[PDB]
Amino acid sequence: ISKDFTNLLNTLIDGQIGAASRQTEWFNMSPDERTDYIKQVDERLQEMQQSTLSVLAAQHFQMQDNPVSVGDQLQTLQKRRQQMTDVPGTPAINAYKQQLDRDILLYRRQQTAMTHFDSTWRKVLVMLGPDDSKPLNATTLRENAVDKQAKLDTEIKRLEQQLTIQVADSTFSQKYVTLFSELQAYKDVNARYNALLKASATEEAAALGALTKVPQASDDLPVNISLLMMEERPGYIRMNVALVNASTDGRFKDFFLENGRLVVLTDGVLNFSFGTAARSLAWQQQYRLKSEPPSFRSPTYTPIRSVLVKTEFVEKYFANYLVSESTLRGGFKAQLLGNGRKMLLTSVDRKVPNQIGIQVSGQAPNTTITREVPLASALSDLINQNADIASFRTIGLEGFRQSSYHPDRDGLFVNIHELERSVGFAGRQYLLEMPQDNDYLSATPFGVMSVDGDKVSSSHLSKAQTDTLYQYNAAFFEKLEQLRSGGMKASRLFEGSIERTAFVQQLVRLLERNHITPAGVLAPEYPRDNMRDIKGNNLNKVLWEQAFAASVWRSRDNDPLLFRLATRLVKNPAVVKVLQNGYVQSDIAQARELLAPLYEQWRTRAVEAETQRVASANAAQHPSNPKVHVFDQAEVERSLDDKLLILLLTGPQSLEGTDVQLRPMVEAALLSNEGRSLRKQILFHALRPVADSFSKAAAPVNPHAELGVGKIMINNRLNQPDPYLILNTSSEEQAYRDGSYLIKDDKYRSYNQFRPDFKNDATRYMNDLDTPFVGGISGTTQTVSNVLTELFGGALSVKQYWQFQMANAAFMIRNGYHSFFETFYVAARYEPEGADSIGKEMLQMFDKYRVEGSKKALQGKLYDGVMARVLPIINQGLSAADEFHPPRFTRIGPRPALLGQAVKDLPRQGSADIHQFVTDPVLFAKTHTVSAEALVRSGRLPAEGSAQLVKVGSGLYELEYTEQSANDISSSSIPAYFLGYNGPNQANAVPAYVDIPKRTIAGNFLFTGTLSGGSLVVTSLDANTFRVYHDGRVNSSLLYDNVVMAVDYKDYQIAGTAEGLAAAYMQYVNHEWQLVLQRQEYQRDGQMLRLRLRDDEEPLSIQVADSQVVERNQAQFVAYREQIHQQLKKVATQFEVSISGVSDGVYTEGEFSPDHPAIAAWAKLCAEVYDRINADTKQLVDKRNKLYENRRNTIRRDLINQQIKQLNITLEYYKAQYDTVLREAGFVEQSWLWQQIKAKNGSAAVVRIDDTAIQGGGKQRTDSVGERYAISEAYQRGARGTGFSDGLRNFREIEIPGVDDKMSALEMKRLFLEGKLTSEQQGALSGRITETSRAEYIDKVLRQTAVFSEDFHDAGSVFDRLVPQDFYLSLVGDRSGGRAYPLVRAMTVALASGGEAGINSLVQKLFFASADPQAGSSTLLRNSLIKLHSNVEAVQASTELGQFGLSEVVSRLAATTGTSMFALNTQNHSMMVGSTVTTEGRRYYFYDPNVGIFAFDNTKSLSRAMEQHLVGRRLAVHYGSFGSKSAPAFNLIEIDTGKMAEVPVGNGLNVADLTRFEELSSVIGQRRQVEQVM
Amino acid sequence: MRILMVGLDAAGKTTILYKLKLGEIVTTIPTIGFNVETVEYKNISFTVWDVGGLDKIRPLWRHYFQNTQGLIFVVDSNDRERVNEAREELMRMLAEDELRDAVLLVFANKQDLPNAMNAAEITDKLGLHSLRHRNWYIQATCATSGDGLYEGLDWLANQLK
Ligand SMILES: Nc1nc2c(ncn2[C@@H]2O[C@H](COP(=O)(O)OP(=O)(O)OP(=O)(O)O)[C@@H](O)[C@H]2O)c(=O)[nH]1
Ligand SMILES: [Mg+2]
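Criteria and cut-off values
- Residues numbered from 1 in each chain as written, not as in the entry; some residues may be left out.
- Chains lettered and ligands numbered in written order.
- Heavy atoms only, no water.
- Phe/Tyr/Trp six-rings, centres within 6.5 Å; stacked < 30°, edge-to-face > 60°.
- Helix = DSSP H or I, 4+ residues; strand = E, 2+ residues; numbered from the N terminus.
- Buried < 20%, exposed > 50% of the residue type's maximum accessible area, 1.4 Å probe, protein only.
- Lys NZ or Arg CZ within 6 Å of the ring centre and 35° of its normal.
- Salt bridge = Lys/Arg side-chain N within 4 Å of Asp/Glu carboxyl O.
- Core = buried A, V, L, I, M, F, W, Y, C linked by side-chain atoms within 4.5 Å.
- Contact = heavy atoms within 4.5 Å.
- Near = heavy atom within 4 Å.
- Polar contact = N/O pair within 3.5 Å; in protein donor to acceptor, adjacent residues only side chain to side chain.
- Nonpolar A, V, L, I, M, F, W, Y, C, P; charged D, E, K, R; others polar.
- Axes fitted to C-alpha atoms, helices over the stretch in contact; angles between N-to-C directions.
- Parallel < 35°, antiparallel > 145°, perpendicular 65-115°, else oblique.
- Left-handed = near helix turned anticlockwise from the far one by under 90°.
- Buried area = accessible area lost by both parts, 1.4 Å probe.
- Pairing = 2+ DSSP bridges.

A. Quick look at the packing of aromatic side chains. Residues and elements named next belong to chain A. A complete count under the given rule lists 49 aromatic pairs over all chains for this structure. Ring plane angle 55° and centroid distance 6.4 Å describe the contact between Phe 1352 and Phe 1496, whose orientation is recorded as tilted. With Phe 1352 in helix α46 (residues 1345-1355) and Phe 1496 in strand β37 (residues 1492-1496), the pair connects residues that are 144 residues apart, well separated along the chain. Under the relative-accessibility criterion, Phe 1352 is labelled buried at 3%. Among the aromatic residues, those joined into a ring-pair cluster are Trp 544, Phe 548, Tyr 801, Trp 802, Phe 820, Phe 824, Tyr 863 and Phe 889. Above the ring of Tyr 440, the side-chain terminus of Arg 509 is found at 3.5 Å from the ring centroid. The ring of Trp 553 has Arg 814 lying over it, and the distance from NZ or CZ to the ring centre is 3.4 Å.

Rendered as structure tokens:
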């Protein structure tokens, strides 16, 4: 709460950042992340107070010997409380009191229960006993049978009734507890009595014993009373079952709610448990009670499903198992369920009662033989019978979804969420400081951490040390507690206090001692390359190395080499030494698990050996000792492990004799992925002892100058063992004994023992490269790699070498022993001499990048530099389909690969409610959304097909074209006439049309892509047929004739806006067509967009065929135009411009054109009002950009931000208030022109029936064939007969005359735009086009994206940003080449308007929009780069200079003054290039959308780079450049960035609007929220 | 203490702001939109928002009401044609509940100009005496000389403590 605390935290943050070197756990945060970090700080401080200092108090107190007794638990605890009811208030004290209270409640209850149990047992034995004239004996009890069995039964019945009534009691109570204990006593004594009556004369005395044996020794509870203590509410116990993973889709064992019933997703689970733990292991050790064995706590860690279940079921089946008392049970029991099924019970633990392996099984439903089989549905129904339906829950489910999201990674933890999820977890143990030593030290409540170079230990605290530790730490936390509440007044940490600085000096080392640093807790979704991990390594680089290790080590490709190595290695005698390694003994145990049945057979062999040992010990000469007359566990275990080791090294082919009978199981095992994995993990561990055993001297073959010739500076470590990472993995409770201990050597100890030695030159060097660091330069890898020629017994090929060395590097990364670099360096020193050796280059490349990294972030350039050189050696034999390719490095986190093994294999049906829609379409459309999306991102739809609905949401349905025939109406589909999408250019005379009968028989509906700023016009072609037009011009219904139905822009316009959106279609209803208009909109929905009906007006409007529509609209349009001229006159007057002489010129002559004299006055007036407002706003645009720059500054204490929102609001007001006016003025003028042209020359001058009378801005516009093809393949204008789709369906079967596989993609595209072939032939040629295109894009560019980065680097570049390979505008066809023409037009505006920050923002947008392929924003972006393919305003923004050779291009750029841009618009592609000269000298830019953006200081360097790139690697020929192969000729097109920025891309967005610091859904939010609201 | 400094365009608001903050005359620099400065004076950090007074952005003034403790309304004493426009805007501002607790300091600026209205004449033309339930003050100033400005700040500081 206190602002002082918040400022103090901000202060220490700022200061610790200012102190940062490279490699630090602090880094600068987003101003949002700031608060989440501080929140987690506060939370974990509260956790410390409640959960560790409290148990420390329970040992500073309790120091004095109060009365202590295991029986007087209640009294012992009570006196411990009254000893301390005097103690001052402190949250740790309150937690201590409350813990003691809860344990007092539980033990009070239990002691009561056991008390009334004992009194009940005594009462019932008195009731059943004979008179005292005889001793209690079986004879008198048998004589009693006929009465007292019936008495027992009657009492049982009465008790069951009365207790079932009492279950209405709201909480456990003396009466409830009484009755329960009595019932259990009655049940047990009844059973014991009946057993006595059944006992034979030899057994009779034993059962009489069992009756007289009151449990009065209190050696253990009655089982049912233990279950009573496990009850969560009176009459119910909480059952749980633990998942492997949460199985929302059925991939895993699960138990979930399905259709109101609870349902186990799988037929049995080993992981059931009952109850809940009373307290943490901390409290258990504080009481020094027996701790429950960890095999209860170890077996699982993912979310758990649980519910209360009726106790009778539990006590019926599972009380047979659940006894904690060591009654011998086998591995299994099978229990008859009341439905005739079995339940199988599994001894999953040989000691613990209350965790259970359970399987349900029974007569398989609907089978020929009564085989018992596991049955999830049976268990589900039986539970639903025995469960309460209330208080089902999943524990930690969002915890998983808020920390792992999914099964995340095959590698070590990266943040505390992945640590706490890992199998190593048990409980979060904070550490604290023991500062009164000469220097500060860390202690647990039980002990101070002894530390040594080899060893980590604890010394248990004596009382004086506890008093020290407590008094200090408590004083600190008391001060902190004051500071949060009493503030500086209470805590006196005034801004000048030296105590304040000492206090912070303590807090900082506390916040380091626990890894509460930002890298510990932030766990962001998309990792900015600034952030660093918990060890200060770069985060994103760690993620990339993890994905690399996983991909490499999961490939099956190298295995024939590794197992050849193993087959040789296994013959060496030294391999036996491997078995006594400490770490080796971790993993052969897993082999004991995988091969369980064979392992059993082995042990059945082995137990013979004990017999031979005892026999030999007796056969030994005159045995003076049972010399080996004993079961030696270690001997047999050795022999067994040796057999398992041998069976792991040599393949299953080594199996022989009787074990071949089980060999098919072993074969099925070893060929699993888990088999291969283990099968190699034992190999690399086995490797170290043999390598060591040669002791061959070091002899690196490649020298290195920077770091000492002839030696290596291996190891390079400082020992600084982390106590937190040790204790937060499960050591043995021997640490917890309150006794001095030496901690285990777990495998992670190799991850946590070491830290970099900053004194060594090698450390300084590595920090220059800024690699990750892990355990220093790997002397182990040297020691191995020196002797590979002896391990394999012969020299390796450089192929074999690099194969082994990459497998080795993957193994090393997997176990956490070293970084990539820490291995590859010595690899490069040891790469064998050979014709393709490459380490010499790699070294020189390291040096080259070192002299850079000292100044700049390399962003992975090092890793690409290596892979560029390694990969063509690896893939040297393979087919391009079979190459290995690693995941690809990016600014955002590592994305999946796009090639080779990693991809190989790595219409919606719809609802019959179609019939309701047919039956009452008016009510349906009034109450349901009808969308059209699938009719946008499919081009070239058939003229005629089947249309169906698909449902998507509440009243939300989507249309789709489908392939299924409508003549099976059960296809959920109907005969419909499709209409293609028409283009958006207002100059278009040739619209998309289709003809449909009046009183149709063949089909009764017509559908089209979504209308947005255009019109659908229906005209009556004859007595029997309509022609429906999709016209891209506004007000088009005025232009056509015989219009009987139409929807124009005004009919669906949102008032006061250009925006509108509606679905329109036709229906054949009550024997007539009806024009049905469903007004809609896009709507924002949680950082996404959706469509919806417009709710602010009647979302639907309907027209039957009428005659007056033309008059009714036309009069309105005439008036509205007059009105808008009034509007514009008003606005112009408001800005003082003279409107004199501005009026409509009578249309005299000519075609439609912009800037026709008739409208020239209006156009001038628009232009002027524009210039006034543009000059006006530019001053704020500039000052706003200046303020964003200001806010970029690192040092700023605090907000300056609100000035940005205030300028934003001001400008967007201006846009909303005036842009609409100017645009509408343009529209009404264009509309009036088109109407005049109609009125004078007739509609046939203003609508044209077909495009073959080609005309436009000029007779040709010399658009690249590529461009004119892409336009020709993303709009439909005219019909598309079905053969086109048949061709696409059969394009490989079909034959096409005059075509062969060796035509260029260009000559195919050209011949296709000749249109001579049939639609089926055009479909087939199209398919062949896409096939050829993606085969070439693969062969030419993706396989060589690496070397370009280095060419641009060492040409001398000064800044770069790679761009996402993945962003596509269509899922079908050639995805690669359609995006270039709009992208270059966006990029050139971005660069001209916002420089490097704009380029960054735009590439970020593309990355996100490619990571979320169907998110709302990525949809909007796809729909907003389209509409830049053929916008005539772009031809207004152009001037096509001639073709030019590159040298001339360079000289022209050198000649330019001020910003200028040029496209090359090569015959099939468009690079962009240009210069800025404004400040910082002249920076020259180059941009190829297939690679990335680069910049340069000088034209010599620029030309040398661009030549190397375009001709040196022949890409100009793949792009079809003009002229000779050498010295290629390009077009160029002098884009005017001054005008292009203002082109509309629909929905009121200018290209400028996508070119801004916000997201698109942000800007649209601001528009909606300031336009429709306000 | 957050200070909103408003008034019609060309009044001298920026000149006053920089005479007070920097002790200098600067006058050709534009203001359209806003200026803000932090000015330490005695115990108080005055943040003075000098917001442009062009009529077409006068409707935006209401987004600047947040956490404002003081109002400076600057009128060109030599501008008789626009003094009632200033009055209308002042009264419209005083209607806003966000400013209900704001104290009001008027600077009658440009006392050096030949037809400059004085503090009392501005007080009468603006109807300041009619302002009920409002702590207000008017100071005759010449921004270019700096006369009256610190008397204004001193008053404002004493009212705000
Ligand atoms: N003679 C005289 N001129 C002044 C005085 N104060 C300001 N001026 C002049 O008035 C003109 C406008 O001053 P500004 O500070 O820009 O006034 P403003 O209120 O910020 O004007 P806008 O930015 O348009 O809202 C300048 O030319 C100043 O020289 C003054 O006290 N005496
Ligand atoms: Mg000004």
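B. View of the pattern of salt bridges. All names here are of chain A. Across all of its chains, the model carries 77 salt bridges over all chains by this definition. A salt bridge links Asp 641 to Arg 592; its shortest N-O distance comes to 2.7 Å. Within this pair, whereas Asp 641 is found in helix α24 (residues 633-649), its partner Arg 592 is found in helix α22 (residues 588-594), the two being separated by 49 residues in sequence. A salt bridge links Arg 908 to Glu 960; the shortest N-O distance between them is 3.2 Å. Of the two residues, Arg 908 is situated in the loop between α35 (861-874) and α36 (914-919) and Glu 960 in strand β21 (residues 956-962); the sequence distance between them amounts to 52 residues. Through salt bridges with shared partners, one network takes in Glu 1212, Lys 1215, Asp 1553, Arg 1556, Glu 1558 and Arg 1567.

C. View of the nonpolar core. Residue and element names in this part refer to chain A. Core analysis: the biggest nonpolar cluster contains 87 residues, and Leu 791, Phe 804, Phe 846 and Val 866 have the highest contact counts within it. For this core, the element with the most residues is helix α32 (residues 798-814), which contributes 10 residues. Ignoring any residue separated from it by four or fewer positions in sequence, one finds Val 866 in contact with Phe 820, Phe 824, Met 842, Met 845 and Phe 846. Counting residues in each nonpolar core, the second largest holds 52 residues, with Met 29, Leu 432, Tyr 470 and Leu 493 among its members.

D. Expanded view of the site of ligand 1. All names here are of chain B. Neighbouring residues of ligand 1: 18 residues in total, closest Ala 10, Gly 12, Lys 13, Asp 112 and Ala 143. Between ligand 1 and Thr 31 there is a distance of 3.3 Å, counted from an oxygen atom to a side-chain nitrogen or oxygen. A class-by-class count of the residues in the shell around ligand 1 yields 6 nonpolar, 8 polar and 4 charged.

E. Highlighting the packing of helix α19 (residues 539-554) of chain A against α32 of chain A. Residue and element names in this part refer to chain A. Following both chains from N to C, one finds α19 and α32 inclined at 125°, their axes separated by 9 Å at the closest point. Judged by the angle between their axes, α19 and α32 are oblique. Between α19 and α32 lies a crossing of left-handed hand. Contact with α19, carried on its side by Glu 545, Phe 548, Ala 549, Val 552 and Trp 553, involves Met 806, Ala 810, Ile 813 and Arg 814 of α32 and no other residues of that element. Per-class residue counts for the contact of α19 with α32 are 7 nonpolar, no polar and 2 charged.

F. Structural detail: the interface of chain B and chain A. Contact with chain B, which involves 11 residues of that partner, is made by 10 residues of chain A. Taking both partners together, chain B and chain A bury about 930 Å²; carbon and sulfur atoms supply 59% of that area. For the pair chain B and chain A, the interface holds 1 salt bridge. A salt bridge links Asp 1176 of chain A to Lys 56 of chain B, with the shortest nitrogen-to-oxygen separation between them at 3.1 Å. Our count for the contact surface shared by chain B and chain A stands at 2 residue pairs in polar contact. Residue composition of the side of chain B that touches chain A, by class: 8 nonpolar, 1 polar and 2 charged.

G. Summary view of unusual backbone geometry. Residue and element names in this part refer to chain A. Unlike most non-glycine residues, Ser 972 shows phi in positive territory, near 55°. By the secondary structure assignment, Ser 972 is in the loop between β21 and β22 (973-979). One non-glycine residue, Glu 1136, lies in positive phi territory at about 70°. Relative to the helices and strands, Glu 1136 is located in the loop between α39 (1109-1134) and α40 (1160-1191). Looking at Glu 1136, the relative accessible area reads 69%, which means it is exposed.

H. Structural detail: the sheet that holds β37 of chain A. All names here are of chain A. The sheet built from 5 strands is open, its strands ordered β32-β37-β36-β35-β34 with antiparallel pairing. Two strands lie at the open edges of the sheet, namely β32 (1360-1362) and β34 (1460-1463), each paired on one side alone. On average, adjacent strands in this sheet sit at an angle of 15° to one another, irrespective of strand direction.

I. Structural detail: the pairing of strand β14 (residues 447-451) of chain A. Residue and element names in this part refer to chain A. Summarising the sheet, β14 and strand β15 (residues 456-460) pair through 5 bridges and their orientation is antiparallel. Residue pairing in the sheet places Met 449 in a bridge with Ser 458 of β15. What sits between β14 and β15 in their antiparallel hairpin is a turn of 4 residues.

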